[PDB]
Amino acid sequence: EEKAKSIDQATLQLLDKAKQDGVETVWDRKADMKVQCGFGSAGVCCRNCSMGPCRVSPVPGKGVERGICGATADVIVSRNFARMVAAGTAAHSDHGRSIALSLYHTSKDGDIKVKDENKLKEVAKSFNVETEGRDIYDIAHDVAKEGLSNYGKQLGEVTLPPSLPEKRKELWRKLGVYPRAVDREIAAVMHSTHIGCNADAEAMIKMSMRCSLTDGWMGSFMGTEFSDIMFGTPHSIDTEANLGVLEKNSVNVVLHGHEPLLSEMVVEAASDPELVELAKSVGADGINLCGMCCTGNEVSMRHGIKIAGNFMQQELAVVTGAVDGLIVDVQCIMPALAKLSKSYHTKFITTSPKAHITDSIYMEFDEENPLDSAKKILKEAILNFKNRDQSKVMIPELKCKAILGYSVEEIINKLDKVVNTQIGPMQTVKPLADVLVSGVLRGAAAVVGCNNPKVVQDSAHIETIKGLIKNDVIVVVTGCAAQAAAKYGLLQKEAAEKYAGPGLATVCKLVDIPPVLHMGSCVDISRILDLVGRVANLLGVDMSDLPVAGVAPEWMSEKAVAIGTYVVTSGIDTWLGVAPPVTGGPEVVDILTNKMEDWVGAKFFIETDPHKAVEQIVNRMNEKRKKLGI
Amino acid sequence: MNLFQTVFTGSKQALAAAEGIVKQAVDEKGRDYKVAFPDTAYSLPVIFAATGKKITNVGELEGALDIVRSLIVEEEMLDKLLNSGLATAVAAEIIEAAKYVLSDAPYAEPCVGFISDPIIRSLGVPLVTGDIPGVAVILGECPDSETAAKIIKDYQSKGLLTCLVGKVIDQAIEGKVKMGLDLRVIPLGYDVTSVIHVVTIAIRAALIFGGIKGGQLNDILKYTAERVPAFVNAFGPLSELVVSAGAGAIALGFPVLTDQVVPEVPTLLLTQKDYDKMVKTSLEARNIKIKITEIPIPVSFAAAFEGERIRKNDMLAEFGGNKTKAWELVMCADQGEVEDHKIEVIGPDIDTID
Ligand code: SF4
Ligand code: SF4
Ligand SMILES: [Ca+2]
Ligand SMILES: [Ca+2]
Ligand SMILES: [Ca+2]
Ligand SMILES: [Cl-]
C-alpha cells in the first residue's frame, strides 16, 4: 500500500525499531511535509530581494508572468539553478582549501606529514614548483602556496590538471566559460543573481558552468590530490559495509562528515596504547571505528575502515543504540541527530566551527595539535560506553564485503596485468582505451549521488548500476552511490559472473576486478574526470567524443548540482534521477536538456525511472560510438 | 569500420562463399553424393562439435548452411562477435568439405589439407607431456621470405608445432625451411579456409582426449581454450574474412597477434610490428614457457629433428654400421677420475675429412 522506505533489509529492520522507540526519522518528516510547494518545485518562486516574495506561473500563457522587478520565469528559474551550483561549489571549495592549508603545515616530525612523495613530485610539476635536490617538505609548502592561489588569485592564469584535454580548454575559452579563481566564480554568480543584474537564461546558465568548473578541476582535484599526498594514494583494499558492522561488546565510534584530516587522526588515535587500555577498563573488547558518507569513504579507501552506511542511514545508526560516540565535521549531517541522540546514550560531538549544531557536544578540532585533539574526542566516546543500555541494543546481523581503493594510479597498475611486456607500453590507460574502441565494453558510466526520500533508498542506485553492468558498461562509483553498491554486494569480484554482461565479465576476469569500481568520495569524482581525460588524450579526441556518461539516481545536495554541471560542461552527459527545480522555465529546460549539447558536446537527461535511464545511456553511448567510428 | 562490423562482414562473406560452392556440388554431384573427410570418425568436426550431428551427403551439407546463418547475429555484444567468428569456422568447414566433393585431389604438394585422426592421436601425447609447448598458426604474407623463415625456424626450434596457411607457404619454401609432420611444420593450404583443419585439430583433441561429447559446444570451447596451447600469427594485410577467422580463433580461446594495425583487445587481439619480437610476444600471449637448456653448439637442437633421414648424398661422415667399428658407454667413477666439464677428442676430427 505505502511505498517502501528502502531496499536494504538492515534499514527496514531499524525503521521498525525507530517506530517502537517513538523516534522520528527523515522518512517521517517527509510525510509531515505533505504536498511540496509547486512554485518552489518548478523553480518559479523568487526571494532574491524584499520586493516579493514573487511567484510566477510554471505554465506559460496563464497566471502571473513576471516578478515585481520584471524577471520572467526563465530568469527566476535560471538564477535559482545558478545559486545551487555556487553553493555546491562553495562546499567543495572550503573542503579543498582546508586540505591545502594542512599541506602548508606539514613537517618531518609533525602530526601531519607527506606520505606519497612520488605523487607530490608529479603534482609539483603541474604547479611549476621545482623538485630537484630539495626537501620534500619545502616542495610541499611551495605546492600548497601555488594550490591556494587557485582559490583567490585576481591576476594571472589558473593552473589546471594535465589530464584535461587542450580541445576541452579551447572550447571553454571560445564559449567564455574558462574557470578563474574558485572563490571569485562563487562571488560572480552571487553578484549576477542579485536583483536587477542578469536577466538572460543562456548567459546565467553559462555563468554556472564556468563556476562549476572551479569545483571539479580545481577544488575537488586539489582536495583529492593533496589528500593522497598527506594520507597516501588509495589502492585495492577489502572492507565490510552496512549497519551490521557495529559490534555490541566493543565501543562503536561512528565518523560522519566530509573532512578527511579529523578522520585520519581518529584512526591514529584508535592505536594509542592508553586508549586501547581505557576501552578495556570500561568493559569493551576494543575500539570499533566506523564511517558514514564521504568521511567514511575517505577512510575505507586508505585504511579499510568498515562503512556503517550512507546518507539516509545516519539516523538509523543511532537507533541501533550501540553508537557510543558520533563525531561529525561538515556537510550532509542531518540536524535531527542532535534531537535523536537525546533519546539514546549516543554522544553527538560537533568539531568544525563551520558546522555548529544546537544541543550537541562541541569539541573543536585543534588543527595546531591534531593528533592530541583527536585523542581528546575519542576518549569521550570510549568513556560513554559506560552508559550503554545493552538490553535495548539492536544491531541487525547484516553486513557485506567490498573492495575499494580504485584510484587512477591503482586502476592503471591493475590494467598493466593485461599488457604484453614485448609489445604494449606500461603505466598508461591504453588497455581501457583498447577495450572501449574495440567494442568489448560498450562504454564507461559513473554512478554518483545521494539519497532522497522522493526515491526508495538505494532502489535507483542498484537498478541503475545493475542495468549498466549487464549491458557491458563498466561502472565507477563514488559517495553514497558507491556505499549503496557496497551494501548490496556489487563491489565484489564474484559480482561479475552474477550481474556483468559478456564483455564486462571477460574484462573483469582478465584484469581481476569487480564490475563496479569504488573510486572514493564525491571530492574523488575528480579521479573520474582524470580517468576519462587520460582516455581522451591517449586517443587524441575530446571528452565529449568518448562513450561515457554520469548518473545521479538519487541526489539532493547542491554539491550534486555543481557536480552534474561540471560533468556536463567537461563533455560528459549526465542523467538525473531526481528532477531539479527547472520545470517552470521552458527556456532553461531547453538549454539544460538540449541547446547545451551544441555548446559543450554533452547535455542533461532527467529520468526518474532507472530502467528507462539505462536504455537512454546505452542508446546515447552508441550514438557517440557511431559518430567516432567505434 | 569497427571490429564488430568487420567480423560480421567477413562472416557474411564466408556464408556467401559456402552458399556458392554448396550449390555447385548440388548441381554437379547431386544432393545424394557422399561428403566425408580423409580418415575421421567425427564426420565434419566443427559441425559435429557444435550440433552433435554428422553430415554424410551433399543434401545434409546444404542443411548445415543454416548453422552458419544462426550463428551470425548482428548485435554489438562480445558473445555475438564470438558466435559470428564460429559461423566463419563452420562456413570454412563447409567450403573445405565441398572442395573434397568437387575434386578427386583438392590439395597439391606441399599442402596437406585435412589432418587424419591418427595424426591427432600422434600429437596428443607430446602435447600433454609438454614436448609440443604450443601450436603456432601462421597465416598471411611476410614482408620478405627471410623474416618468414626466421620466425618458423625459431618456433620449430622451441618445438612448437607450426601450421602455415597462405603465401607464407611459398615464402618458407624459398627461405629453406624443412617441412613435414615430424619436422613440426605442416603447410595446410593457400586458401584462407585451410585454417579450419587446425581448428579441427583442437576440436578433435577435446572429443578424443577430453572425452567431450558432440553438441557440448561450451565444454569443447573450454577444452581448447584451457588445454590446446594454440595462437594465430596473421602477417600482411588482413581482409574482412581473415578478421572473422581471427574472431573464430578467439572463440576457441586462441589469441591472435598481427603486424597490421587493428582495434586491439588485451590478451586476445594484439599488434606486433617488430618481427624480431613476434615469437616472444606470441609465447607470452599464450603462457608458453620454454625450458631452455642453452647448449654451447653451432647447430640447432630440438625434438623436430628426431628421426632425421641423413641420406648418403646429404651426408659427410659415417660411423658404425657394416662400415666401421663404433661404440658407446657410460661408467660410474669416483670424483678423482672425473674432471667435471672436460671434452677430449682423441683421434682425427671432421676437419681432416675431404
Ligand atoms: S516561499 Fe516560494 S517555494 Fe516557499 S512556500 Fe512560498 S511560494 Fe512556495
Ligand atoms: S528579484 Fe524580482 S522576482 Fe525576485 S523577489 Fe525581487 S522583485 Fe521578485
Ligand atoms: Ca592540480
Ligand atoms: Ca583485494
Ligand atoms: Ca579538542
Ligand atoms: Cl595515460
# chains A, B, ... in the order shown; residues from 1 in each chain; ligands from 1
>>> residues_near_ligand(ligand="ligand 6", cutoff="12 Å", atoms="only C-alpha atoms and all ligand atoms", output="VMD selection string")
chain A and resid 162 to 165 408 to 409 411 to 413 415 to 416 425 to 434 530 to 540
>>> write_last_selection(atoms="N, CA and C atoms", output="compact mmCIF listing (two decimals), in the first residue's frame")
# COMPACT_ATOMS: atom_id res chain seq x y z
N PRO A 162 46.89 18.21 -15.91
CA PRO A 162 47.38 17.79 -17.22
C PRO A 162 46.39 16.86 -17.93
N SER A 163 45.52 16.18 -17.18
CA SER A 163 44.61 15.20 -17.83
C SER A 163 43.52 15.91 -18.63
N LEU A 164 43.39 17.23 -18.46
CA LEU A 164 42.33 17.97 -19.13
C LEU A 164 42.74 18.22 -20.60
N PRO A 165 42.08 17.59 -21.60
CA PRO A 165 42.50 17.81 -23.00
C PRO A 165 42.51 19.27 -23.43
N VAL A 408 43.01 6.35 -9.86
CA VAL A 408 43.52 6.26 -11.23
C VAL A 408 44.85 5.51 -11.25
N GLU A 409 45.72 5.78 -10.26
CA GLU A 409 47.01 5.11 -10.16
C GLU A 409 46.81 3.61 -9.98
N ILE A 411 44.03 1.79 -10.76
CA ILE A 411 43.39 1.21 -11.94
C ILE A 411 44.46 0.96 -13.01
N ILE A 412 45.36 1.93 -13.22
CA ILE A 412 46.44 1.78 -14.20
C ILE A 412 47.33 0.58 -13.82
N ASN A 413 47.69 0.45 -12.53
CA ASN A 413 48.51 -0.66 -12.05
C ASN A 413 47.84 -2.01 -12.35
N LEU A 415 45.51 -2.58 -14.70
CA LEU A 415 45.42 -2.75 -16.15
C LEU A 415 46.76 -3.24 -16.72
N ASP A 416 47.89 -2.97 -16.04
CA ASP A 416 49.20 -3.42 -16.51
C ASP A 416 49.29 -4.95 -16.60
N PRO A 425 52.81 -0.70 -24.11
CA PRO A 425 53.52 0.21 -23.21
C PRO A 425 52.98 0.03 -21.79
N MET A 426 53.67 0.58 -20.78
CA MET A 426 53.24 0.31 -19.38
C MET A 426 52.81 1.58 -18.64
N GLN A 427 52.04 1.42 -17.56
CA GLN A 427 51.58 2.55 -16.75
C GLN A 427 50.80 3.60 -17.56
N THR A 428 49.93 3.15 -18.46
CA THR A 428 49.09 4.04 -19.26
C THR A 428 47.67 3.47 -19.24
N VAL A 429 46.68 4.27 -19.63
CA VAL A 429 45.29 3.80 -19.67
C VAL A 429 44.98 3.04 -20.97
N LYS A 430 46.00 2.72 -21.80
CA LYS A 430 45.76 2.06 -23.08
C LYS A 430 44.87 0.81 -22.99
N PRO A 431 45.09 -0.15 -22.07
CA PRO A 431 44.19 -1.32 -22.02
C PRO A 431 42.72 -0.94 -21.93
N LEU A 432 42.39 0.12 -21.17
CA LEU A 432 41.00 0.55 -21.05
C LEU A 432 40.54 1.17 -22.36
N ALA A 433 41.37 2.03 -22.97
CA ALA A 433 41.04 2.67 -24.24
C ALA A 433 40.83 1.62 -25.33
N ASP A 434 41.70 0.59 -25.36
CA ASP A 434 41.65 -0.50 -26.34
C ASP A 434 40.34 -1.28 -26.26
N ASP A 530 39.73 12.69 -14.25
CA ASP A 530 41.12 12.38 -14.56
C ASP A 530 41.23 11.14 -15.44
N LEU A 531 40.46 10.09 -15.12
CA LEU A 531 40.49 8.86 -15.90
C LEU A 531 39.92 9.11 -17.30
N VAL A 532 38.72 9.70 -17.39
CA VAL A 532 38.09 9.98 -18.68
C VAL A 532 38.97 10.93 -19.52
N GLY A 533 39.72 11.81 -18.87
CA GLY A 533 40.60 12.74 -19.55
C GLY A 533 41.79 12.04 -20.18
N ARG A 534 42.41 11.11 -19.44
CA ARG A 534 43.57 10.36 -19.92
C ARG A 534 43.18 9.52 -21.14
N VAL A 535 41.99 8.90 -21.11
CA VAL A 535 41.49 8.08 -22.22
C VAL A 535 41.30 8.98 -23.44
N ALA A 536 40.72 10.17 -23.24
CA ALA A 536 40.51 11.11 -24.33
C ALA A 536 41.86 11.55 -24.92
N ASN A 537 42.81 11.97 -24.07
CA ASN A 537 44.12 12.42 -24.53
C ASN A 537 44.88 11.32 -25.25
N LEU A 538 44.81 10.09 -24.74
CA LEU A 538 45.51 8.95 -25.34
C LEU A 538 44.96 8.64 -26.74
N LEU A 539 43.65 8.83 -26.94
CA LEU A 539 43.02 8.59 -28.24
C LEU A 539 43.04 9.83 -29.16
N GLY A 540 43.54 10.96 -28.66
CA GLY A 540 43.63 12.20 -29.43
C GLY A 540 42.29 12.85 -29.73
>>> residues_around(residues="segment 386-389 of chain A", least_positions_apart="3", cutoff="9 Å", atoms="only C-alpha atoms", output="list in words")
residues 282, 283, 321, 322, 323, 324, 344, 345, 346, 382, 383, 392 and 393 of chain A
>>> write_last_selection(atoms="N, CA, C and O atoms", output="CSV table (one decimal), in the first residue's frame")
chain,number,residue,atom,x,y,z
A,282,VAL,N,36.7,0.1,30.6
A,282,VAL,CA,35.2,0.3,30.6
A,282,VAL,C,34.4,-1.0,30.4
A,282,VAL,O,33.2,-1.0,30.7
A,283,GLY,N,35.1,-2.1,30.0
A,283,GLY,CA,34.4,-3.3,29.7
A,283,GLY,C,34.1,-3.6,28.3
A,283,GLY,O,33.1,-4.2,28.0
A,321,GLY,N,21.3,1.9,19.0
A,321,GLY,CA,21.6,2.0,20.5
A,321,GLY,C,23.0,1.6,20.8
A,321,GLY,O,23.3,1.5,22.0
A,322,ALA,N,23.9,1.3,19.8
A,322,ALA,CA,25.2,0.9,20.0
A,322,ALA,C,26.3,2.0,19.7
A,322,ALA,O,27.5,1.8,19.9
A,323,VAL,N,25.9,3.1,19.1
A,323,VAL,CA,26.8,4.2,18.8
A,323,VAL,C,27.1,5.0,20.1
A,323,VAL,O,26.2,5.6,20.6
A,324,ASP,N,28.3,4.8,20.6
A,324,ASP,CA,28.7,5.5,21.9
A,324,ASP,C,29.1,6.9,21.6
A,324,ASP,O,28.7,7.9,22.3
A,344,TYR,N,18.8,8.4,23.2
A,344,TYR,CA,19.8,7.3,23.4
A,344,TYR,C,21.0,7.8,24.2
A,344,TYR,O,21.1,9.0,24.5
A,345,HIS,N,21.9,6.9,24.6
A,345,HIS,CA,23.1,7.3,25.3
A,345,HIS,C,24.1,7.9,24.3
A,345,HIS,O,25.2,8.4,24.8
A,346,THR,N,23.8,7.9,23.0
A,346,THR,CA,24.8,8.3,22.0
A,346,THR,C,25.3,9.7,22.3
A,346,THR,O,24.4,10.5,22.7
A,382,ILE,N,34.8,6.7,24.2
A,382,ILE,CA,35.2,5.5,25.0
A,382,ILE,C,34.5,5.5,26.3
A,382,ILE,O,33.8,4.5,26.7
A,383,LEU,N,34.7,6.6,27.1
A,383,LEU,CA,34.1,6.7,28.4
A,383,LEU,C,32.6,6.6,28.4
A,383,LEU,O,32.0,6.2,29.3
A,392,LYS,N,18.7,-2.9,25.4
A,392,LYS,CA,18.0,-2.2,24.3
A,392,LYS,C,18.8,-2.0,23.0
A,392,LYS,O,18.3,-1.4,22.0
A,393,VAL,N,20.0,-2.6,22.9
A,393,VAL,CA,20.8,-2.6,21.7
A,393,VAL,C,20.3,-3.5,20.7
A,393,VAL,O,19.9,-4.6,21.0
>>> residues_near_ligand(ligand="ligand 2", cutoff="8 Å", atoms="only C-alpha atoms and all ligand atoms", output="CSV table (one decimal) with C-alpha atoms, in the first residue's frame")
chain,number,residue,atom,x,y,z
A,45,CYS,CA,9.5,31.3,-6.8
A,46,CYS,CA,12.0,34.1,-6.3
A,47,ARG,CA,13.2,35.6,-2.9
A,48,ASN,CA,16.3,37.5,-4.2
A,49,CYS,CA,15.1,40.7,-2.5
A,50,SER,CA,12.3,42.1,-0.3
A,51,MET,CA,10.1,43.4,-3.1
A,52,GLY,CA,8.5,39.9,-3.1
A,53,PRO,CA,8.4,37.1,-2.3
A,54,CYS,CA,7.4,36.6,-6.0
A,55,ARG,CA,5.8,33.5,-7.6
A,66,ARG,CA,6.7,38.3,-14.4
A,67,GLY,CA,8.1,39.1,-10.9
A,68,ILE,CA,7.8,42.5,-9.3
A,69,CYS,CA,11.1,43.6,-10.8
A,70,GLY,CA,10.2,42.2,-14.3
A,71,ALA,CA,12.0,38.9,-14.0
A,72,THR,CA,10.4,36.2,-16.2
A,76,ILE,CA,13.8,33.2,-12.0
A,194,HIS,CA,21.3,39.7,-7.2
A,195,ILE,CA,18.2,41.8,-8.1
A,196,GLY,CA,18.5,43.9,-11.2
>>> residues_around(residues="residue 166 of chain A", least_positions_apart="4", cutoff="9 Å", atoms="only C-alpha atoms", output="ChimeraX atom specification")
/A:170-171,537,542
>>> closest_residue(among="A:118, A:98, A:422, A:249", to="chain B", atoms="only C-alpha atoms")
A:422
>>> residues_around(residues="residue 347 of chain A", least_positions_apart="5", cutoff="12 Å", atoms="only C-alpha atoms", output="NGL selection string")
:A and (252-255 or 318 or 321-328 or 337-342 or 359-363 or 377-388)
>>> select_by_dssp(residues="segment 144-219 of chain B", states="strand (DSSP E)", output="list in words")
residues 161, 162, 163, 164, 165, 185, 186, 187, 188 and 189 of chain B
>>> interface_residues(of="chain B", to="chain A", cutoff="7 Å", atoms="only C-alpha atoms", output="list in words")
residues 1, 2, 3, 77, 78, 79, 263, 264, 265, 266, 267, 272, 277 and 281 of chain B
>>> write_last_selection(atoms="C-alpha atoms", output="compact mmCIF listing (two decimals), in the first residue's frame")
# COMPACT_ATOMS: atom_id res chain seq x y z
CA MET B 1 34.52 0.26 -39.75
CA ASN B 2 34.70 -1.03 -36.14
CA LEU B 3 35.83 -4.57 -35.13
CA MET B 77 27.94 -7.52 -27.79
CA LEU B 78 31.03 -9.77 -27.23
CA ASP B 79 29.01 -13.05 -27.23
CA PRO B 263 41.38 -2.45 -32.83
CA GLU B 264 43.30 -4.34 -30.13
CA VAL B 265 41.65 -6.38 -27.34
CA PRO B 266 44.06 -7.09 -24.38
CA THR B 267 45.25 -10.75 -24.06
CA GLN B 272 53.40 -6.51 -33.05
CA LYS B 277 59.93 -9.81 -31.07
CA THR B 281 55.15 -11.97 -27.73
>>> residues_around(residues="residue 445 of chain A", least_positions_apart="6", cutoff="7 Å", atoms="only C-alpha atoms", output="list in words")
residues 473, 474, 475, 476, 548, 549 and 550 of chain A
>>> write_last_selection(atoms="N, CA and C atoms", output="short mmCIF file (atom, residue, chain, number, x, y, z; two decimals), in the first residue's frame")
data_model
loop_
_atom_site.label_atom_id
_atom_site.label_comp_id
_atom_site.auth_asym_id
_atom_site.auth_seq_id
_atom_site.Cartn_x
_atom_site.Cartn_y
_atom_site.Cartn_z
N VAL A 473 28.74 -2.16 -19.67
CA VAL A 473 29.18 -0.80 -19.40
C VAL A 473 29.87 -0.83 -18.05
N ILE A 474 31.20 -0.66 -18.01
CA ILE A 474 31.93 -0.67 -16.73
C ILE A 474 31.44 0.53 -15.91
N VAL A 475 31.09 0.30 -14.64
CA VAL A 475 30.57 1.36 -13.79
C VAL A 475 31.54 1.75 -12.68
N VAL A 476 31.78 3.05 -12.51
CA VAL A 476 32.65 3.59 -11.46
C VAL A 476 31.71 4.33 -10.51
N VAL A 548 30.94 7.82 -22.81
CA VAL A 548 30.94 7.93 -21.36
C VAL A 548 29.69 8.67 -20.89
N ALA A 549 29.28 8.42 -19.65
CA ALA A 549 28.10 9.06 -19.08
C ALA A 549 28.20 9.11 -17.55
N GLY A 550 27.47 10.03 -16.94
CA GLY A 550 27.41 10.20 -15.50
C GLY A 550 25.97 10.05 -15.06
#
>>> residues_near_ligand(ligand="ligand 5", cutoff="6 Å", atoms="only C-alpha atoms and all ligand atoms", output="list in words")
residues 363, 364, 365, 366, 373 and 376 of chain A
>>> residues_near_ligand(ligand="ligand 4", cutoff="7 Å", atoms="only C-alpha atoms and all ligand atoms", output="count of residues only")
4
>>> residues_near_ligand(ligand="ligand 3", cutoff="9 Å", atoms="only C-alpha atoms and all ligand atoms", output="PyMOL selection string")
chain A and resi 123-124+126-127+147+159-162+217-218+221-222+225-226
>>> write_last_selection(atoms="C-alpha atoms", output="CSV table (one decimal), in the first residue's frame")
chain,number,residue,atom,x,y,z
A,123,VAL,CA,51.8,17.5,-8.7
A,124,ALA,CA,54.7,19.9,-8.2
A,126,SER,CA,51.9,20.9,-12.8
A,127,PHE,CA,52.2,23.9,-10.4
A,147,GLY,CA,47.4,25.5,-4.9
A,159,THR,CA,46.7,26.1,-13.0
A,160,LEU,CA,44.6,23.2,-14.4
A,161,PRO,CA,45.4,19.4,-14.4
A,162,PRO,CA,47.4,17.8,-17.2
A,217,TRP,CA,39.0,20.6,-12.0
A,218,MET,CA,40.2,22.8,-9.0
A,221,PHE,CA,41.0,17.8,-7.7
A,222,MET,CA,43.4,19.6,-5.3
A,225,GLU,CA,45.5,15.1,-4.9
A,226,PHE,CA,46.6,16.8,-1.7
>>> residues_around(residues="segment 133-142 of chain A", least_positions_apart="5", cutoff="8 Å", atoms="only C-alpha atoms", output="list in words")
residues 103, 104, 105, 106, 107, 108, 114, 117, 120 and 124 of chain A
>>> closest_residue(among="A:528, A:591, A:265, A:305", to="residue 205 of chain A", atoms="only C-alpha atoms")
A:591
>>> residues_around(residues="residue 577 of chain A", least_positions_apart="2", cutoff="7 Å", atoms="only C-alpha atoms", output="tab-separated table (two decimals) with N, CA and C atoms, in the first residue's frame")
chain	number	residue	atom	x	y	z
A	552	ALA	N	23.14	10.34	-11.56
A	552	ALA	CA	22.84	10.74	-10.19
A	552	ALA	C	21.43	10.19	-9.92
A	553	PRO	N	21.30	8.87	-9.69
A	553	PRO	CA	19.96	8.28	-9.49
A	553	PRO	C	19.15	8.88	-8.36
A	554	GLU	N	19.81	9.23	-7.26
A	554	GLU	CA	19.17	9.83	-6.11
A	554	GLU	C	20.12	10.94	-5.72
A	575	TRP	N	22.74	11.98	-16.34
A	575	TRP	CA	21.35	11.62	-16.11
A	575	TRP	C	21.01	11.93	-14.67
A	579	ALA	N	14.36	15.18	-10.29
A	579	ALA	CA	14.19	16.33	-11.18
A	579	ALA	C	14.58	17.63	-10.49
A	606	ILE	N	16.84	14.11	-17.69
A	606	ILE	CA	16.10	13.90	-16.45
A	606	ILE	C	15.25	12.64	-16.62
A	607	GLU	N	15.51	11.61	-15.81
A	607	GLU	CA	14.76	10.36	-15.88
A	607	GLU	C	14.66	9.73	-14.50
A	608	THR	N	13.45	9.67	-13.95
A	608	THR	CA	13.21	9.10	-12.63
A	608	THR	C	13.19	7.57	-12.69
>>> closest_residue(among="B:165, B:331, B:326, B:17", to="residue 90 of chain B", atoms="only C-alpha atoms")
B:17
>>> decode(residues="segment 191-221 of chain B", atoms="C-alpha atoms", output="PDB file, in the first residue's frame")
ATOM      1  CA  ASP B 191      43.138 -20.586 -49.286  1.00  0.00           C
ATOM      2  CA  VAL B 192      42.066 -18.825 -46.060  1.00  0.00           C
ATOM      3  CA  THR B 193      39.549 -21.630 -45.325  1.00  0.00           C
ATOM      4  CA  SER B 194      42.505 -24.101 -44.966  1.00  0.00           C
ATOM      5  CA  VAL B 195      42.970 -22.706 -41.402  1.00  0.00           C
ATOM      6  CA  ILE B 196      39.822 -24.722 -40.427  1.00  0.00           C
ATOM      7  CA  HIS B 197      41.772 -28.031 -40.413  1.00  0.00           C
ATOM      8  CA  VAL B 198      43.942 -26.776 -37.486  1.00  0.00           C
ATOM      9  CA  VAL B 199      40.771 -25.600 -35.704  1.00  0.00           C
ATOM     10  CA  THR B 200      39.572 -29.242 -36.184  1.00  0.00           C
ATOM     11  CA  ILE B 201      42.849 -30.461 -34.530  1.00  0.00           C
ATOM     12  CA  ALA B 202      41.867 -28.560 -31.350  1.00  0.00           C
ATOM     13  CA  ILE B 203      38.178 -29.582 -31.546  1.00  0.00           C
ATOM     14  CA  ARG B 204      39.011 -33.260 -32.178  1.00  0.00           C
ATOM     15  CA  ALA B 205      41.517 -33.122 -29.277  1.00  0.00           C
ATOM     16  CA  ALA B 206      38.574 -32.220 -26.977  1.00  0.00           C
ATOM     17  CA  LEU B 207      36.432 -35.084 -28.350  1.00  0.00           C
ATOM     18  CA  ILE B 208      39.285 -37.655 -28.411  1.00  0.00           C
ATOM     19  CA  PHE B 209      41.406 -36.804 -25.305  1.00  0.00           C
ATOM     20  CA  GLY B 210      38.990 -34.580 -23.405  1.00  0.00           C
ATOM     21  CA  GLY B 211      36.251 -37.169 -23.812  1.00  0.00           C
ATOM     22  CA  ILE B 212      33.682 -34.436 -24.516  1.00  0.00           C
ATOM     23  CA  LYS B 213      30.529 -35.482 -26.423  1.00  0.00           C
ATOM     24  CA  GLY B 214      29.288 -33.868 -29.646  1.00  0.00           C
ATOM     25  CA  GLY B 215      26.871 -30.976 -29.174  1.00  0.00           C
ATOM     26  CA  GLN B 216      28.533 -29.806 -25.920  1.00  0.00           C
ATOM     27  CA  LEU B 217      29.937 -26.669 -27.604  1.00  0.00           C
ATOM     28  CA  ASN B 218      30.584 -24.745 -24.364  1.00  0.00           C
ATOM     29  CA  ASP B 219      32.566 -27.695 -22.949  1.00  0.00           C
ATOM     30  CA  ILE B 220      34.586 -28.166 -26.191  1.00  0.00           C
ATOM     31  CA  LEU B 221      35.413 -24.421 -26.392  1.00  0.00           C
TER      32      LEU B 221
END
